[PDB]
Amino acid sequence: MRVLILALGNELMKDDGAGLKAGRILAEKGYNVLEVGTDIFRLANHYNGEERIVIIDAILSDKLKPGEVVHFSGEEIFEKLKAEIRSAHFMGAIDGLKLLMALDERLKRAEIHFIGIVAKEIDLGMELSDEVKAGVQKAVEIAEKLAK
(Lines of atoms letter the chains of each structure in order from A and count residues from 1; the text may use other names and numbers.)
(Lines give C-alpha, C1' and ligand atoms only; values in the text may rest on other atoms or scores of the structure.)
Protein backbone atom coordinates (compact mmCIF):
# COMPACT_ATOMS: atom_id res chain seq x y z
CA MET A 1 0.00 0.00 0.00
CA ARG A 2 1.55 3.25 -1.22
CA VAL A 3 -0.23 6.47 -0.34
CA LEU A 4 -0.12 9.89 -2.02
CA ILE A 5 -1.29 13.01 -0.18
CA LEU A 6 -2.73 15.89 -2.22
CA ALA A 7 -2.79 19.22 -0.40
CA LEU A 8 -5.22 21.77 -1.82
CA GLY A 9 -5.90 25.40 -1.00
CA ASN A 10 -4.60 28.96 -1.23
CA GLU A 11 -2.08 29.93 1.41
CA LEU A 12 -2.70 33.65 0.88
CA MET A 13 -6.32 33.43 2.06
CA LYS A 14 -5.77 32.55 5.72
CA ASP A 15 -7.69 29.41 6.61
CA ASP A 16 -7.92 28.57 2.91
CA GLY A 17 -4.30 27.44 3.34
CA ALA A 18 -5.19 24.88 6.03
CA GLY A 19 -4.80 21.99 3.59
CA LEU A 20 -1.37 23.22 2.50
CA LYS A 21 -0.20 23.63 6.09
CA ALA A 22 -1.30 20.10 6.93
CA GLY A 23 0.52 18.95 3.79
CA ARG A 24 3.74 20.72 4.74
CA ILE A 25 3.62 19.11 8.20
CA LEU A 26 3.17 15.70 6.60
CA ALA A 27 5.96 16.43 4.08
CA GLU A 28 8.36 17.31 6.93
CA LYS A 29 7.37 13.97 8.49
CA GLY A 30 8.51 12.13 5.36
CA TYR A 31 5.19 11.42 3.66
CA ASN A 32 4.64 11.59 -0.07
CA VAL A 33 2.92 14.96 -0.41
CA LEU A 34 2.06 16.84 -3.58
CA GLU A 35 1.16 20.45 -3.08
CA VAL A 36 -1.61 20.80 -5.65
CA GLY A 37 -2.89 24.16 -4.44
CA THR A 38 -5.43 25.08 -7.10
CA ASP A 39 -4.00 23.18 -10.08
CA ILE A 40 -4.79 19.46 -10.25
CA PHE A 41 -2.70 18.98 -13.42
CA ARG A 42 0.41 19.13 -11.23
CA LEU A 43 -0.48 15.54 -10.51
CA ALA A 44 0.32 14.47 -14.09
CA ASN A 45 4.04 14.85 -13.41
CA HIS A 46 3.92 13.40 -9.92
CA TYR A 47 1.62 10.36 -9.75
CA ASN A 48 3.47 7.03 -9.49
CA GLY A 49 0.74 4.40 -9.23
CA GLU A 50 -0.14 5.01 -5.57
CA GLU A 51 -3.13 2.92 -4.57
CA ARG A 52 -4.51 5.37 -2.00
CA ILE A 53 -4.94 9.13 -2.46
CA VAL A 54 -5.60 11.38 0.53
CA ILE A 55 -6.93 14.85 -0.37
CA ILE A 56 -6.68 17.56 2.27
CA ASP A 57 -8.58 20.78 1.83
CA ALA A 58 -10.03 23.85 3.51
CA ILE A 59 -13.84 23.79 3.41
CA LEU A 60 -16.89 25.88 4.31
CA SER A 61 -19.71 24.34 6.29
CA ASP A 62 -22.56 25.61 8.42
CA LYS A 63 -23.61 22.34 10.03
CA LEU A 64 -20.17 22.42 11.63
CA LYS A 65 -18.06 24.95 13.52
CA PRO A 66 -14.60 26.26 12.53
CA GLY A 67 -11.65 24.00 13.22
CA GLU A 68 -13.81 20.92 12.74
CA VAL A 69 -12.54 18.18 10.44
CA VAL A 70 -14.48 15.85 8.14
CA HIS A 71 -13.24 12.63 6.55
CA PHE A 72 -15.04 10.95 3.67
CA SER A 73 -13.96 8.29 1.19
CA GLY A 74 -15.06 6.67 -2.04
CA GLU A 75 -18.42 7.53 -3.61
CA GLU A 76 -19.39 9.13 -0.28
CA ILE A 77 -17.10 12.09 -1.06
CA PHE A 78 -19.20 13.27 -3.98
CA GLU A 79 -22.50 12.76 -2.10
CA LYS A 80 -21.16 14.94 0.72
CA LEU A 81 -19.78 17.70 -1.41
CA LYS A 82 -23.20 18.06 -2.88
CA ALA A 83 -24.77 19.62 0.14
CA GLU A 84 -22.88 19.36 3.33
CA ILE A 85 -19.39 20.44 2.44
CA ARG A 86 -17.97 23.21 0.33
CA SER A 87 -14.49 23.24 -1.03
CA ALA A 88 -14.11 25.47 -3.95
CA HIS A 89 -10.73 23.92 -4.30
CA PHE A 90 -11.56 20.28 -4.75
CA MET A 91 -14.46 21.38 -6.90
CA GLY A 92 -11.92 23.12 -9.13
CA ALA A 93 -9.92 19.89 -9.34
CA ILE A 94 -12.64 17.37 -10.12
CA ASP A 95 -12.70 17.75 -13.92
CA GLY A 96 -8.92 17.51 -14.21
CA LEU A 97 -8.79 14.60 -11.80
CA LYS A 98 -11.41 12.84 -13.95
CA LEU A 99 -9.31 13.35 -17.09
CA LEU A 100 -6.17 12.03 -15.39
CA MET A 101 -8.14 8.98 -14.26
CA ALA A 102 -9.34 8.37 -17.83
CA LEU A 103 -5.65 8.30 -18.77
CA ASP A 104 -4.32 6.10 -15.97
CA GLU A 105 -6.27 3.04 -14.79
CA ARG A 106 -4.30 2.94 -11.55
CA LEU A 107 -5.47 6.43 -10.65
CA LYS A 108 -9.00 5.59 -11.70
CA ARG A 109 -9.07 2.54 -9.38
CA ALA A 110 -7.20 4.20 -6.49
CA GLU A 111 -8.82 4.54 -3.07
CA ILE A 112 -9.76 8.19 -2.57
CA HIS A 113 -10.04 9.91 0.82
CA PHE A 114 -11.07 13.50 1.54
CA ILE A 115 -10.13 15.38 4.68
CA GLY A 116 -11.84 18.74 5.03
CA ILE A 117 -10.83 21.40 7.54
CA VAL A 118 -13.64 23.82 8.32
CA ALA A 119 -12.37 27.35 7.84
CA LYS A 120 -13.28 30.42 9.88
CA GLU A 121 -11.56 33.38 8.19
CA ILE A 122 -11.06 32.99 4.43
CA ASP A 123 -9.83 36.58 4.02
CA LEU A 124 -6.39 37.88 2.95
CA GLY A 125 -3.42 36.76 5.06
CA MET A 126 -0.83 34.02 5.61
CA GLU A 127 -1.58 33.00 9.21
CA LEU A 128 -4.11 30.41 10.36
CA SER A 129 -6.72 31.27 12.97
CA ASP A 130 -6.28 29.51 16.31
CA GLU A 131 -9.36 27.30 15.78
CA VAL A 132 -8.03 26.04 12.44
CA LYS A 133 -4.56 25.31 13.88
CA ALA A 134 -6.35 22.71 15.99
CA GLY A 135 -8.04 21.40 12.86
CA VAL A 136 -4.72 21.09 11.01
CA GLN A 137 -3.42 18.94 13.86
CA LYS A 138 -6.34 16.54 13.66
CA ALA A 139 -6.22 16.46 9.85
CA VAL A 140 -2.56 15.44 10.11
CA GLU A 141 -3.48 12.67 12.59
CA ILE A 142 -6.13 11.23 10.28
CA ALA A 143 -3.78 11.32 7.29
CA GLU A 144 -0.95 9.52 9.14
CA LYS A 145 -3.35 6.69 9.92
CA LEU A 146 -4.36 6.45 6.25
CA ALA A 147 -0.73 6.40 5.16
CA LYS A 148 0.66 3.16 6.59
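Numbering starts at 1 and runs along the sequence shown.
> Tell me which of 119-127 and 48-56 has the higher mean C-alpha B-factor in the deposited entry.
Per the PDB record, 119-127.
> So which stretch wins on mean C-alpha B-factor, 60-68 or 99-107?
In the deposited entry, the stretch with the higher C-alpha B-factor mean is 60-68.
> Of the choices 7, 143, 1, 4, which one's C-alpha carries the largest B-factor in the record?
Checking the PDB record, the top C-alpha B-factor among 7, 143, 1, 4 is at 1.
> Going by the CA temperature factor in the entry, name the top one among 81, 112, 36, 33.
Max CA B-factor in the entry, restricted to 81, 112, 36, 33: 81.
> Check where residue 43 lands among this chain's C-alpha B-factors and tell me if it's the lowest, middle or highest third.
CA B-factor rank for residue 43: lowest third.
> Going by the entry, which third of its chain does the Cα temperature factor of residue 20 land in?
It belongs to the middle third of the chain when residues are ordered by C-alpha B-factor.
> According to the PDB entry, is the CA B factor of residue 132 in the bottom, middle or top third of its chain, that is, lowest, middle or highest?
Middle third, going by the recorded CA B-factors of the chain.
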